[PDB]
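Notes follow once the structure below has been shown.
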Amino acid sequence: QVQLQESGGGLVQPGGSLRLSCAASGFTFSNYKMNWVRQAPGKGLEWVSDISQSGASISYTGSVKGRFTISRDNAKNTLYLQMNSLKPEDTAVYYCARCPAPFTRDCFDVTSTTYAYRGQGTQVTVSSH
Amino acid sequence: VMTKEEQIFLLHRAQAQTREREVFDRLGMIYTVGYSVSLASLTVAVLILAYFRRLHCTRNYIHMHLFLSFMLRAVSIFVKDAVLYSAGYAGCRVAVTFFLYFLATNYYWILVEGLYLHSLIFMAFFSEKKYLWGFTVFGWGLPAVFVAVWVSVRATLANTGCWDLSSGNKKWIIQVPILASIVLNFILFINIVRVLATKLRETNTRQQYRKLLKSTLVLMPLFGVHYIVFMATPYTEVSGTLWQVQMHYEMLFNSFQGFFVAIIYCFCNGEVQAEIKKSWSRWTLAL
Amino acid sequence: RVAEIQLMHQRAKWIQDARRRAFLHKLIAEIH
Amino acid sequence: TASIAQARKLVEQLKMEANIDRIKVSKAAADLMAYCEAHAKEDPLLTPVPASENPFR
Amino acid sequence: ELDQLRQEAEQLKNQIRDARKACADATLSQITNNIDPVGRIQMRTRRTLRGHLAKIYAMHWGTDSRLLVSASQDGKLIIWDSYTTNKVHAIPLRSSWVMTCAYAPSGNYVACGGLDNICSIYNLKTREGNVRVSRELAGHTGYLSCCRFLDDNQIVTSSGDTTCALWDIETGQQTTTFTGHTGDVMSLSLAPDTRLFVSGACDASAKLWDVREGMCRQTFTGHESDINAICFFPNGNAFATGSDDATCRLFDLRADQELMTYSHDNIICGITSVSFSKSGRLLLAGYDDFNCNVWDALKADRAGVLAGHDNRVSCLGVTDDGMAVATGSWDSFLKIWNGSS
Amino acid sequence: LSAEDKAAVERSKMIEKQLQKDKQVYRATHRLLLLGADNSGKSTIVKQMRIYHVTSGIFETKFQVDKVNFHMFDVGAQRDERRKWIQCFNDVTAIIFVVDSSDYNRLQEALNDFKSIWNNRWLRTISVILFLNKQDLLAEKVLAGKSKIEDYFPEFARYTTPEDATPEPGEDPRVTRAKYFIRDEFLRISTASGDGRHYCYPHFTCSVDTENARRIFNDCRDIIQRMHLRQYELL
């Protein structure tokens, strides 16, 4: 069964650093493109960044370009998202999404409301106390 | 002129009592070789096109008709060469009539190719393709008319000796309709290139120009551009640089036009190559 | 100008002229 | 929201699926093999029929 | 509250996995090594059904193995006489985006549906002899992906709204509703006794449902991508599923786990249709690489290759008597393949 | 030949001629697929093109331009997931993708949707008629100055107006700069892949002008021309 386990999150001071880890099982990690999708409170799912099978092509959205780093380890089947210089608006539930078909470049509906091939996600809240 | 000098010369006398043939043979040899190669390539192309049902299309139907016209022209030229070289026999006139008819059909089928392309680019917008049937009437029916009338004129005006010898301006009954196909189609070619360039200008980069050059080259044999090189030339003696260059150009290019078209539009066609590769793969796997 | 038809007419005229010249040369051989 | 109801329904479905009389995989594989062997002679695709009885001449 | 429910569900899934591992003493490949291999199967085309204006999306065989119904995305539903290649019927469709078609076991009704979300059922034995829209079924909020007749009065239809429904023809209402899939349901397969049916969705899972009751019985998650086709085994105790992961999987209703996996390194394209012959020894699967592969159900090897379609194979069917195999494709041509001795 | 077989052959011939007439009708008509987000003005465009003419699942609108019939199909009651049914539109004449130019926050979602449509395996041979809808709203938002595109897209800071731009004579330079930035953002994705097998036609639509359908007609013509140019290998 396809399942993704996310770790990393919680309260983080603004301007700090954080790391999100995704563990994949039940499928060949090396044959699918990986995406990160965040859902802010009061808003819908939005695409953040994506990395291909071999990591040759890496893309980010406009809001996080130059700030987040996405990497993958095929041997460990682990997806890493290093976020630095966080903002209060960046608080959201983060999920990892998999391409519906292998050897496919277009992630057609990885941002769907009830997309099956995604993990439970983790809360990332950027607040100052 | 002819061997009727006997009458006048003998009557008057009793009352008072190699380079040219070498050039002709060289031209005959070169155009025979070119037309034989073109005929072989075009019959191979016809067999290939008729083999695969995927290739069956209106464009390929027009291409098949053009190839058949070229093959018939080559066969008629060979038959005329056999009959005339090495006398008002009926078969002798029939061979020349068939040669002229097949030449006219080849020219008008080149014109039909040009007209079909122009209609596809300008006139065939969101419409049916029934006009192909009309093109068939244009392909064979129209050349058969003005030639046959000419034959009737040739049967009613002089009817002396073989018809391969000019007997005034009656040959223009056949030449003038052909020359128009030489001119008008050429104009269409230019127009196509223009809009082709526009298409490139609408898609973009210097490489576009390069593509246009290629888009010109493969377009040249189909439209018969080389004719316009020597279309406007009056009668000339069998000697001189102009006549020799004109013959060595026209005969060679006309002989090799069918070969070039068969290579470009059938042998080098992407769909035909893909079909050949698929058929070869299926045959190898099955065997 | 159609090259094929022009060449055919020129060759027919050349054949007729060659026949006439051959007859003239055969006759002038006996006459001269 | 309906997340709690959906989770409860999923748990109930998993409980229903857990209480089933499962059997050994070897027995199922043997049954499939026996079924394939028994009807092997009745499969025209597996054993081609002569063209005389074939309606696709 | 949600966390406790999720933990309980995870514990139940782990218990089910442990039970499946415990009951999996041996695999099919281990004990099928002693059977004679089928060998290189060769088939030839006997008929070529042409006349569709656009791509063929689905087809279904009748119980007589002579009349076959095919649907094209140009708005046409053609019923052909397979033996004599004649077109028995040509029904125009109000919606031109039909994705599936079904032939009634009695042959008096033909059903179709698609992006219009309406199941249109047409008669073939009218008093005047002209076909017309007998009934229209509405209620699905997603595209109609598959439909199959159980009798002349009830029809099972799967839609893209992750829902299946048993409809009554006489009343035109959903008699039964089957829910539980998270992804769009792509196909369904009726059991020989028609009491149960299996449905595959885009969530890499297949579910077994009781027609008379209406709850899911068994769930399978062997595949890693969307399941595009599913077909019941002839004995009714197993089924096969094809997915976009270029791998077919055989699941047993008793073992409750995958038994055999069919895949190859040279195959990387998706799987569109799957069907078993009468014996169940051969599994025919259509692929996106313009050819169909026939695999040995026990040996899991490429027994045969059928390469006679210009475009991707969209549908495949096997007659009840198993005399020939019909394969549709997007190249508007329906090829009938048969073997020769 | 048997009498029953002869009758079957006769009815088959009748069905064949009916199918020939149906094919003649079908070839003349051109099928188009309408796509866009909820905020996009798809409904207004459909209503205008219906009134001017020059549960449900899918909606069909038939309009005639220069004696050419076009059937535009709009997605009705369907789920958010669309990776499966979109394959049904692999042979449509064109895809009219309408984008709300005044939605900055959801502009990235529109870009991702356009990229997915362009890079789809079964949609590689289908051209897209891109409509940047709601130009007046975008102009008003730019003139207001409360919201800046630089926050959503930092690269807009270094962006410059193309030399080939042809703005309206009475148009604010910032408005045309922003609209051409959006157009170039779409065109970069469009030219990122395709290898010339299909093309994109960006247009600026006000959701009320009557010329839009005409534009589509023109675009269709171009596609047809290019299709023929792809048959002769001239491109």
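These residue numbers are counts, starting from 1, taken along the chain as shown.
Determination method: electron microscopy, 2.6 Å.
Heads up, the Cβ atoms here are built off N, Cα and C, so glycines get one too.
Copied from Swiss-Prot, the annotated features are:
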- E:44-92: repeat 'WD 1' (REPEAT)
- E:93-138: repeat 'WD 2' (REPEAT)
- E:139-179: repeat 'WD 3' (REPEAT)
- E:180-221: repeat 'WD 4' (REPEAT)
- E:222-265: repeat 'WD 5' (REPEAT)
- E:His264: phosphohistidine (MOD_RES)
- E:266-307: repeat 'WD 6' (REPEAT)
Same-chain residues near the repeat 'WD 4' (E:180-221), Cβ under 8 Å, at least 6 residues beyond its ends:
142-143, 145-146, 148, 150, 156, 158-164, 166, 227-232, 234-236, 239, 241, 243, 251, 253, 256-258
According to DSSP, does E:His264 (phosphohistidine) fall in a helix, a strand, or coil?
coil
Residues with Cβ closer than 8 Å to the Cβ of E:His264 (phosphohistidine), same chain and 6+ apart in sequence?
E:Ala246, E:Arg302
Other than its close neighbours in sequence, what residues sit by the repeat 'WD 5' (E:222-265), given a CB gap under 8 Å and a spacing of at least six beyond its ends?
20, 23-24, 27-29, 183, 186-193, 196, 198-206, 208, 271-280, 283, 285, 287, 295, 297-298, 300, 302
Pull the DSSP breakdown for the repeat 'WD 1' (E:44-92) and write it out as helix, strand, coil residue counts.
0 helix, 30 strand, 19 coil
